[PDB]
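Overview (structure and organization)
Next come the chains, spelled out residue by residue.
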Amino acid sequence: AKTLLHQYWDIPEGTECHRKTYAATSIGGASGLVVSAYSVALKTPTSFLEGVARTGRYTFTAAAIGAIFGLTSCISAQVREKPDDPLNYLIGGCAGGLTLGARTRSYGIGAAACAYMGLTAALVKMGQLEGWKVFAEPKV
Amino acid sequence: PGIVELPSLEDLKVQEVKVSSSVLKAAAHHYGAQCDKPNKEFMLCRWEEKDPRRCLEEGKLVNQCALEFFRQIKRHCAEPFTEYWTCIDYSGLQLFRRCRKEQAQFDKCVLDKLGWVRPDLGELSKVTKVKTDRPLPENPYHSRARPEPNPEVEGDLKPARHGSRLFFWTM
Amino acid sequence: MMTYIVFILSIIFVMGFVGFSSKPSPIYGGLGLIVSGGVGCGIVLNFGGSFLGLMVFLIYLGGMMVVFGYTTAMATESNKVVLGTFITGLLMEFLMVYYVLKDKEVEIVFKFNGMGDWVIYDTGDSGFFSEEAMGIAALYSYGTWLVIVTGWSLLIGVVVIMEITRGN
Amino acid sequence: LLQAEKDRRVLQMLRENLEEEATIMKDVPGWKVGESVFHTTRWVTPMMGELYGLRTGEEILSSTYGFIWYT
Amino acid sequence: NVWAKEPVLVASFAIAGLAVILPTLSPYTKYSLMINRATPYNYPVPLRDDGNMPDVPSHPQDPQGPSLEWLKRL
Amino acid sequence: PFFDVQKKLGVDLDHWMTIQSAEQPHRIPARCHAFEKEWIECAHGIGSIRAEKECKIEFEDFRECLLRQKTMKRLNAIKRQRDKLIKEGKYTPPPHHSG
Amino acid sequence: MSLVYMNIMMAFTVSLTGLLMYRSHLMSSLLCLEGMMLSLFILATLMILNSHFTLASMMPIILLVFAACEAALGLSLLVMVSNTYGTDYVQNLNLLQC
Amino acid sequence: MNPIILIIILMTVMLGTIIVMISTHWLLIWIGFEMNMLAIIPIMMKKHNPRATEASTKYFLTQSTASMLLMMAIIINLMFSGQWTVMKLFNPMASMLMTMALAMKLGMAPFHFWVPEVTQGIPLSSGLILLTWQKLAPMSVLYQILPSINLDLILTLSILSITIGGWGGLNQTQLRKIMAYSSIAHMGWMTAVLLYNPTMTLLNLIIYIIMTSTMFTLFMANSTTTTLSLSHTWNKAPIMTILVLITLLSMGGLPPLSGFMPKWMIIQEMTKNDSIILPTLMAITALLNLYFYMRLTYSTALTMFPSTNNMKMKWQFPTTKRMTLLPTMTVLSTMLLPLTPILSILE
Amino acid sequence: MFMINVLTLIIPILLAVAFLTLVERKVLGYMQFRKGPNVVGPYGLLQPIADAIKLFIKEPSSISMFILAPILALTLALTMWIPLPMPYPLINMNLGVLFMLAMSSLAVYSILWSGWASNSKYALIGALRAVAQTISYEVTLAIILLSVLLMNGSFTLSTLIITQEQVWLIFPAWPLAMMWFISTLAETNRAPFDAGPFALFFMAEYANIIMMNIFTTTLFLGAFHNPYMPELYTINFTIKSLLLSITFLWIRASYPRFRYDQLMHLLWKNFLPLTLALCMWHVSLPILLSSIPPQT
Amino acid sequence: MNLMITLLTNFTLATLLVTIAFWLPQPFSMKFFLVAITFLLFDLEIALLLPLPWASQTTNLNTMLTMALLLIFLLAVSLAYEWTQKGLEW
């Protein structure tokens, strides 16, 4: 939601750490709720306990992506000491992609997820930094 | 927001017609003709200004007119007028066709001793003029003034400037 | 035996909609929907209320559930899910009643002043012609377009029904 | 005639209930004492809760809902 | 013929045809309109007097204005 | 889109259903007549956005006519303070029938 | 707002959930659509009566005659299904797959 | 059926759309949508297979719950500011349910599952009338309620509709599900522009309707359901091949061809705002949906499949339908690149 | 005292039904050729009291549906003499004829529920056809009721009992009234127009019969209403309702049951154009005779 | 509360009588379907027609006359359509 993404972008990046990781786990909980809701809505799990297992798997993967991504975000920003580069989040997106691939227990999914999640996280910080408007103007 | 102002209790003690409703229907028309020359002043105040706490003094004036009218009908003919309204009183929702002979008796009473022609159908109608001292008021809908017009279109139109002014398709 | 009879009948109304929203056998559903329509008609006949709910009482409870029971009887003919959803819907009813009573306001996404309310209401004003009945006594002077397209859609509904049920 | 009596009665109940609004909240903070909600000083007709408050049952039931399930 | 096969159908078309055609021509519809118009539901208002206009009778017994009279006069 | 056959043929065959301040069948108003008339004459020949800039006051006034939610808010605050004072012990009630 | 309006909208949304999630028969689904019709009817009617907005009183009766013929079309379709199969289950609709 | 009965029913579908276009009163809009549904059901089930029965059942349930949710939006609008003027709503909740009513009405990606199901199980005439008119009329409703829309609604439903209608379509070999996936793709293009300059959306509506009428007339050249039947349309006729080529690439939208005018002007008066990431993402997914057009082209008009005898028997006979309006819509749907200054014909 | 009004309204109708059973059996005997019952009890009145007692004694679904059919039938039988203006009706309903129609529809519900809970396919299809021929005449009843009160203005029915002082309304619409009376024969489910507790089911049937008799007598004719003495009006009204109930017997004991398809064919293609043409004539004609009735 | 009390007394006496009555021992036809929907549509047209006598006092008598005849004429035309199209055969 607007509230938790605003909590995530409230903190300077910057070193006010592990609030970033908790907000990213909230991102993971929301994403897992979305995917799990549609997945149990469009499967007929047969039976409900296996549906609980599927929902738990998706939420655990999304929360793990959020947690690992927030940790590497904060750590890379503390080490490189430059709170304006997108390259630290490039490294963060690749790390999140590799851990997604490892929890799905593969190699190629992990490498392609590294590449695409890194480039998209770079685009996220790059647009938040230079200034690209969220979802509308809506003016002309 | 702004707070209201009312007349207090010492303005609202005017002695009222504490008679019932059946008799008040029973003596309707001759009340409509004898009095009720100044109640239309009250009605005009009420429609031209929909604000009671502004028109109540004409309410006092029609109150004392109706009280004088019932004084006049009490201390004179008829006493079987009392039998007339208690005859229409027990007839459910009230009709003027049921207890009719006593209505003619009461009318003969009032025409012999006092006058008071019963008005025709439809003479309790027929939109009426009256004049007072007070003027017609400004903005009875209490509001501001209307804000602005539109900067509108005045003048002929030229041919179009150098074409579509899209990417190409000039002229 | 008290003032808030509108709120009471509305509680029975929500009870009825839950009682057939738990997906029973469809004739239990028809019973619950008849009870729901009856108390909704009671509610609107308590807000004065002269005509219009009783008007539709013929139609919605006189011309609809008959046809539902008819087409249920000539089509086809206890479980934990139905009874469980009914009890949980009753529990949400109980919780919303409690938050109306022992609080000030209730918000789903609004603000509802939590107290039984005759307000707002007419101040005894002189109608003499029963306002809603003369409102329904429109459609026949001013209602040019509306009854034209309404009767036209009725005629098209007729030919549609017979064609789908095998014209000719 | 009935309209004049009805004006005097509704002004009477308004004066009574604003006097008792001045009394019943004698010490509360915030709270201007006679706030009309609107922004235009015209004549609102009140909503039969300010005409009829604190009555406890009898006149409010037999003067609002009495006609509807009467007759 | 036209009558023996469906008699009630013919009688229904006949009375329906007169119930359509007969509301065109009648010496009574103007009376229906005037009776229906001249029954005052609401209150006929008093007005600020005039711009010195030769209408709007002051007294409710003054015979200037418009009058309904043919109820007594058939 | 939207066409204006309603305008070009002239017979406003649907503009009678629409708002108040029209021929209600026997001439009575609704409850919130004058509020609607004021807000419409506020924003009549206005381009719908400076209307939102300069007709907000009367539109809130109209919504407070229709809902009367703030008046109910004040009324409920009065009644709950009445309840707590009559529970606490000021004037075992005279405020009706015995002034 | 009020007190009655919250309960009628709560009844509406519970009727909407009963319309959307539905288990075995389609008759109960169309019947919940009828209940939603009732809810919209009662809501619009109490609105118009409390406003004393006497002019457009056409809304509830015309709303209900139209959503009635909607339900008539629906009953025709459901009886068509139950003719061309044995029952009116949500099964037997499993063909024509996505 | 009688031809009398069908001319009456088509007149009523027209009447429902004209009432929706024409009125200034919300009840008339709701009655218009309902009457459109009521008449459009027996255009389906012109045959009597169980395919049409199930398809009309699904369409009826989704369409009727959309109409009742629209009536809920109107009744919320009059629980608030009370007048029957078709204008700006006075609740974000009312606008929310109203946009979701239209998103169930004409097909958007949360609400779109019924569209390929109902378009497969019917003949082509019913699919033609449903796609064209049922996607014409509610755009008028959106054009009338544009000033009071939360843009996140139209943005989300539009983006998600483009990408779902893109990704569905890589697997379907049936013609009708291809055409319905193309429909959801153009619904995304016709809806995302709406809160910026709606003349673009209405011109896109006219473009899409002309294109889809050309496509369904070409699939009524003979009754074809798979692509293999279109390879046999190659073997029996040579000019249907080249018209399937040109109209398929115009559904794809390449700049020399008239299916590019929807993309081009919309990107222009989309990025005279400063939404840029949203247009370039939309245009990438617009590159995606061209693939199934392209594999249909490669299947029939460009390669040549093996075919079957008795097409020898079919060579003698004429393909002697009447095409309803084929040539005008073909060369008005394809050669209309150099008349993009007929954008401003609209208002 | 109002509870005494309630008890005097809803208790003596049961004695009315029981004595109606003895009257219809006796008069149908004297039609046919039969004295009797005249043995048990003097002239057969203890005989119906013992009928009801013995039927209560005996020792005979889904107890929900099994009880909710007769409870609804008999609460209709009780509630449905509320606004009938035996001069002062019990509730002065401002509209009551629409209430008559609605409660006829509720009786249709009662028969359908008992047929569903019967749970046997021959009784199911029988109850289904009976629901269809019960519902097939509430059209005609409604439209004739519409045209007869259009001559009299308002739904109130007290204005109706005012307006029938001048002429009996059987004269200015006789074929319309005759068709309404045949539809009352159809709605009562008797000849020619055609498991427990049969006491309750039977009871609700006959109370609906006497309701239609009284509503016929009020809707179409009556007597002049004496000011402050309604006893004479009640006497002449009751005697007219009883003579119409004997006439209802007189039609009962002489005709065979119709075939069901003949019944439907007769209804649609024989009542339904004729009712429509008479009703549009009663629409278009009081505007032509300078006579529209005053809704007050 | 008058008629609510009467309604409740009817219900209670009926339940008393039922409890005395109980305690003392202790494939289809398509033609069926068209009757119901034919009733439903003509009952809806009834629902339009029947507030006519409330309306019967207007100042535009010609319009009321014309639309009233329109309503009954359409009802008879729908009857005529199913009549010619053998809509209730047996």
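Residues numbered from 1 in each chain as written, not as in the entry; some residues may be left out. Chains lettered and ligands numbered in written order. Part of a larger assembly, values for the part shown. Heavy atoms only, no water.

1. Here we look at the state of the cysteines
All names here are of chain B. Enumeration over the complete set of coordinates arrives at eight disulfides over all chains. Here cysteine 35 is linked by a disulfide to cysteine 65, with a sulfur-sulfur distance of 2.0 Å. Placement of the pair is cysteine 35 in the loop between α2 (28–34) and α3 (39–48) and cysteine 65 in helix α4 (residues 56–74), with a sequence separation of 30 residues. Residue classification places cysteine 35 among the buried positions, given a relative accessible area of 5%. A disulfide bridge connects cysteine 45 with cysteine 55, and the sulfur atoms are separated by 2.0 Å. Because the sign of the S-S torsion sets the handedness, a value of about -80 degrees for the bond joining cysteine 45 and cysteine 55 places this disulfide among the left-handed ones. With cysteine 45 in helix α3 and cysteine 55 in the loop between α3 and α4, this residue pair connects regions lying 10 residues apart in the sequence. (Disulfide = S-S within 2.5 Å. Helix = DSSP H or I, 4+ residues; strand = E, 2+ residues; numbered from the N terminus. Buried < 20%, exposed > 50% of the residue type's maximum accessible area, 1.4 Å probe, protein only.)

2. A few points about the interface of chain G and chain C
How big an interface is tends to be expressed through the accessible area that disappears when the partners come together. Taken together, the 57 residues of chain G in the interface contact 67 residues of chain C. Taking both sides of the interface into account, the surface hidden between chain G and chain C amounts to around 5400 Å²; carbon and sulfur atoms contribute 80%. Of all residues in chain G, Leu3, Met6 and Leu31 of chain G give up the largest surface area on contact with chain C, accounting jointly for 12% of the area buried on that side. For the interface between chain G and chain C, the tally reads zero salt bridges. Remark: the boundary between chain G and chain C carries seven residue pairs in polar contact. Mapped by element, the contributors of at least two residues to the side of chain G that touches chain C are α1 (4–20), α2 (27–51) and α3 (59–84) of chain G. In terms of residues, the side of chain G that touches chain C owes the most to one element, α2 of chain G, which gives 17 residues. Along the lines of polarity and charge, the residues of the side of chain G that touches chain C split into 37 nonpolar, 17 polar and three charged. (Contact = heavy atoms within 4.5 Å. Buried area = accessible area lost by both parts, 1.4 Å probe. Salt bridge = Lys/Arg side-chain N within 4 Å of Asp/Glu carboxyl O. Polar contact = N/O pair within 3.5 Å; in protein donor to acceptor, adjacent residues only side chain to side chain. Nonpolar A, V, L, I, M, F, W, Y, C, P; charged D, E, K, R; others polar.)

3. Section: the UniProt feature "transmembrane region" in chain G
All names here are of chain G. Mapped onto the present numbering, the UniProt feature "transmembrane region" falls at residues 1–21, 29–49 and 61–81. The span residues 29–49 is 100% helical and 0% strand by assignment, and the distance between its end C-alpha atoms comes to 30 Å. In residues 61–81, helix accounts for 100% and strand for 0%; the two terminal C-alpha atoms are 30 Å from one another. (UniProt positions renumbered as here; feature names shortened; annotations may be inferred.)

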